[PDB]
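J.: Residue numbers (PDB author numbering): 1 to 190.
Note that the Cβ used here is the ideal one computed from N, Cα and C, for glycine as well.
Pasting a structure here, questions to come.
Structure follows, in structure tokens:
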């Protein structure tokens, strides 16, 4: 069903929906691991389905339609504790590459494409544990797609070889993030 920002379990999958309060976004929990997002002249928002907690070797499958009309990303998104890390495995994006201004650490080949690895530090920003300072890890896919399989282990191993030491995995979802744009998406996670 269409819901206001929140988290929980729907049809077997953990979901998380958040928005800055700007308005213009509609999130709907669908059957199985499906969710739909329709936005128009939105603010910043993040919504998706997955697991709570996630694992370090989960192979995530996603399929559906992703039609951004501006700044938006489609990716495997999650958090880690001890160390506190916010991560993104970007599969597709709109008009803005989220790695812009980040520091490139290397590259990794996974699931039919090379990904560029980056890292950034967020100081005194909100997190799953409150206002904190943490690193943000990125894996940006060169060949964009809206359907496929993501072997998370390949990314975590690549990040580890670069100095990342993931600790306790918190939530892990396939999410659509929008940033003051418009668009629509219907993704099914499994």
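Do you know how far the Cα of residue 138 is from the Cα of residue 103?
T.: Computed Cα separation, rounded: 10 Å.
J.: Out of 28, 21, 57, 48, state which residue places its alpha-carbon closest to the alpha-carbon of residue 155.
T.: Ranking the options by Cα distance to residue 155, first place goes to 57.
J.: Measure the C-alpha to C-alpha separation of residue 130 and residue 173 and round it to an integer number of angstroms.
T.: Their backbone Cα atoms lie some 20 Å apart in a straight line.
J.: Can you tell which of 163, 7, 135 has the C-alpha that lies nearest to the C-alpha of residue 124?
T.: Among 163, 7, 135, the Cα nearest to that of residue 124 belongs to 135.
J.: How far does the alpha helix (DSSP H) with residue 156 in it reach, from first residue to last?
T.: It spans 152-160 - the alpha helix (DSSP H) in which residue 156 sits, taken as one unbroken run.
J.: What three-state label does DSSP hand residue 5 in the structure shown?
T.: In this structure, residue 5 counts as coil in the three-state DSSP scheme.
J.: For residue 105, which residues from the same chain have a beta carbon less than 7 Å from its beta carbon, with the 5 sequence-adjacent residues on both sides left out?
T.: Closer than 7 Å at Cβ, skipping near neighbours: 117, 118, 119, 162.
J.: Whose CA, out of 190, 189, 184, lies closest to the CA of residue 41?
T.: For the residues 190, 189, 184, the minimum Cα distance to residue 41 belongs to 184.
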